[PDB]
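1. No letters, just coordinates:
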């Protein structure tokens, strides 16, 4: 993890980093071009860059976004917003979650379109913009798919009521209506899409809104790819920009690898144990590799006696408890593993692969749960 | 997570952070003074500040270190070392894990004492020292307690030879011998302590080393507090500095809390579901608070339908899957919860406590496996 950085930018190199996240510029640009080709100019692309470009580094990723002429960017935090703007990007910038009031106030300076899900919230936010003499562009969130997270519940009369109240705020300008799908299943997306079509219709008619000044947007990566009719005015794709999307969609390239270094290989006698609480017993005279990565680097404890890594193409297993900063792996069967060798914690190496699915199985949850936190806990390096 | 920072220091505030880590200065200073008094001047104190000071911020902790005259600091990465030096620390700086060779080389500039646990590594390390015209002070790691992680196995004859080989390197100046305990258990500790004493005797004799020019150190926090005969010349304390140690040792104060904000509270009708995959069903008309923290902030997916948070001192349950950036909690029983309210994710709030124990139970591993990543993924703010 760099302790000095400038708008998402570090001064580290692979040589002086204990572990690093490698981000492929050309995989990114390929996935952008692919998505653009799939939209075929019928819908527009908004790149979802929350969680610091999903752990890829918003400051690394932005120059590709600008290069490919992407017109819309979605972020979550104020620092992400600040970095988007400092990169020169001048287009539509929207937050894809509710902000707290004081967080929202601090982001007025970035001309961000803010998300609104409540009459009370809308009232509070309206007062903040009034105080600063700004008109704040807002996307009203609807609970059409049923996340019950950011959105107003338009399947009740109370909801429709809050929705009119929201449209009555003098210093808010409603520029969009959105929802978010709760389940990556085509049937369930279509149920949600039908609900979203009815509820936006109802609003636009009954609150006398201009359909032509509104961007209607519902689709994430899955929906965009699997349910074209969910494309509407604009799509919000995160995972597919990064090659983390529908497994069958192999036209999207993986933009990230997670790597470290062998510091040294050591000889340990049979009967020796490894790591805290001695959870692994050596059944033969071993050679153990000491790798400069641990759970403080996001290589989570749960990988204890479960993980595999790649060195020189070989699939080598983790032994003992993962330490804070150090990981032991068994290279008894791989005499070619040397101090200085590159390790692959996630990705591909010379014919070997550590897969998304093997990691999700160990972790008990989706990979973004690990990689968003890899990206924070280690320096990112743009390659390709 | 700040995307600009200068030597572990950021320009963010509680008011513009979606979530943050509060580090208590006075807890840190209390813990140092207590440690020092307990060591009663009989043994040297080396503050282990690995993993960005265990998630507390090495740039935030250093001034206390310097002021209380701690003479030794232990770190893992080059950035930590760089920061320790930038803060005006001029004393003994030791790495407590093996570095890779190019990592080690980039660190020469911080006059850090390096760990060594191999003849091969030693020779390799000898050659870099040579090439740079430096004598590198080294600590030699011994596998006395059987971590089988960093140290030479002195329980074998090849081990002993490797050891003697290490002491033979012309550009390496051995200043210390160390080991690390594998089990937090008094008896297990004494077993390892007896072995360390024998094996250090053996080595001092056979290498003809000046005992009085050597520091012997084995003890971390548990050993230091629980087995005083393990204190030797110098201890290496991590958790105790931060109040994460033996649960009965309550003289050490918790230095960290993990907090966030309520963005808004929403109404949703019975039978609505919450979050991705609809994993929680509202059994009553509900008020759901939207909290601006998620797994990309280190609030791990495992807390789904499991975590509790504090708002206005109330113990409030997490409902649904934790999103990347947003967490939903049920505030139907708690009408005093409003947009703006401060949420405690870990720590104390007005009579409520989210404990180390309860979080370790949901996580399936020790709390450091969470908080070192909280610290990377969020702004650290110094209080008290």
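-> That came through, no problem. Residues are numbered from 1 along each chain as shown, chains lettered A, B, ... in the order given.

2. Going by C-alpha atoms from here, please, whenever you check contacts or count neighbours.
-> Fine.

3. And the residue of the stretch 51-200 of chain A that's closest to chain B?
-> Closest to chain B within the stretch 51-200 of chain A is residue A:100: 4.0 Å, counting by Cα to the nearest Cα.

4. And for the spatially closest residue to that residue that is not a sequence neighbour, the neighbour number?
-> Using Cα to Cα, 6 or more residues apart in numbering or on different chains and skipping residues adjacent in sequence, the residue nearest residue A:100 is residue B:263, 4.0 Å away. Residue B:263 has 27 neighbours, counted by other Cα atoms under 10 Å in any protein chain shown.

5. three-state assignment of residue B:263?
-> Put simply, residue B:263 is strand when judged by DSSP: H, G, I helix; E, B strand; the rest coil.

6. list the contacts for the residue positioned nearest the centre of chain A?
-> Nearest to the mean C-alpha position of chain A, counting by Cα atoms, centre = their mean, stands residue A:54 at 2.7 Å. Counting by Cα atoms under 8 Å, 6 or more residues apart in numbering or on different chains, residue A:54 touches A:238, A:239, A:368, A:371, A:372, A:375.

7. just checking, which of those belong to helices?
-> A:368, A:371, A:372, A:375 (DSSP state H).

8. Mind putting those into a markdown table with neighbour count and distance to chain B?
-> As requested, the ones in helices among the contacts of residue A:54 are arranged in a markdown table below (neighbours: other Cα atoms under 10 Å in any protein chain shown; distance: Cα to the nearest Cα, whole Å):
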| residue | neighbour count | distance to chain B |
| --- | --- | --- |
| A:368 | 20 | 8 |
| A:371 | 23 | 8 |
| A:372 | 25 | 5 |
| A:375 | 29 | 9 |
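
9. TSV for the residues you listed, including distance to residue A:233?
-> Listed next are those as TSV, based on distance: Cα to Cα, whole Å:
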residue	distance to residue A:233
A:368	27
A:371	30
A:372	28
A:375	31
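
10. Can you list the buried residues in stretch A:341-356?
-> Applying a neighbour-count criterion of 16 or more other Cα atoms under 10 Å in any protein chain shown, one finds A:341, A:342, A:343, A:344, A:345, A:346, A:347, A:348, A:349, A:352, A:353, A:354 buried in stretch A:341-356.

11. which residues touch the residue nearest to residue A:100?
-> A:98, A:99, A:100, A:101, B:289, B:290, B:291, B:292, B:339, B:340.

12. go on, residue A:204?
-> Per Cα under 8 Å, 6+ apart, neighbours of residue A:204: A:210, A:211.

13. could you point out which element follows the helix or strand harbouring it?
-> Using DSSP states H and E, residue A:204 sits within helix A:186-206. Beyond helix A:186-206 on the C-terminal side, the first helix or strand identified by DSSP H and E is strand A:215-217.

14. Hmm, residue A:209 is touching residue A:201, no?
-> No - in terms of Cα atoms under 8 Å, residue A:209 does not count as a neighbour of residue A:201; the distance is 9.8 Å.

15. Those residues of the stretch 251-384 of chain A touching chain B, which are they?
-> A:261-264, A:266-268, A:272-278, A:290, A:292, A:295-298, A:300-302, A:324-326, A:328, A:339-340, A:364-365, A:368-369, A:372-373, A:376-377 (Cα under 8 Å from any Cα of the partner chain).

16. one more time with 6 Å
-> A:263, A:274, A:275, A:276, A:277, A:295, A:296, A:369, A:372, A:373, A:376, A:377 (Cα under 6 Å from any Cα of the partner chain).

17. Which residues does the second one form beta bridges with?
-> To tie it back to what came earlier, the one meant is residue A:274. residue A:280 (DSSP bridges).

18. Quick one: neighbours of it, just the number.
-> Neighbour tally, residue A:274, other Cα under 10 Å: 24.

19. How about the fourth one?
-> A count of neighbours around residue A:276, defined by other Cα under 10 Å, yields 20.

20. Tell me which residues touch it, please.
-> A:321, B:182 (Cα atoms under 6 Å, 6 or more residues apart in numbering or on different chains).

21. Mind doing that once more with 7 Å?
-> Going by Cα atoms under 7 Å, 6 or more residues apart in numbering or on different chains, residue A:276 touches A:321, B:147, B:182, B:183.

22. I'd assumed residue A:83 was in contact with residue A:75.
-> No - the criterion here is Cα atoms under 7 Å, and residue A:75 misses it with residue A:83 at 10.1 Å.

23. sorry, back to before: what's the neighbour count on the residue of the stretch 51-200 of chain A closest to chain B?
-> 25.

24. so how far is residue B:17 from it?
-> Per Cα to Cα, to the nearest Å, residue A:100 is found 9 Å from residue B:17.

25. and if you look at residue A:70?
-> Counting by Cα to Cα, the gap from residue A:70 to residue B:17 is 28 Å.

26. Who has more neighbours out of these two?
-> Each of residue A:70 and residue B:17 has its neighbours counted (other Cα under 10 Å); residue B:17 has more, 27 against 20.
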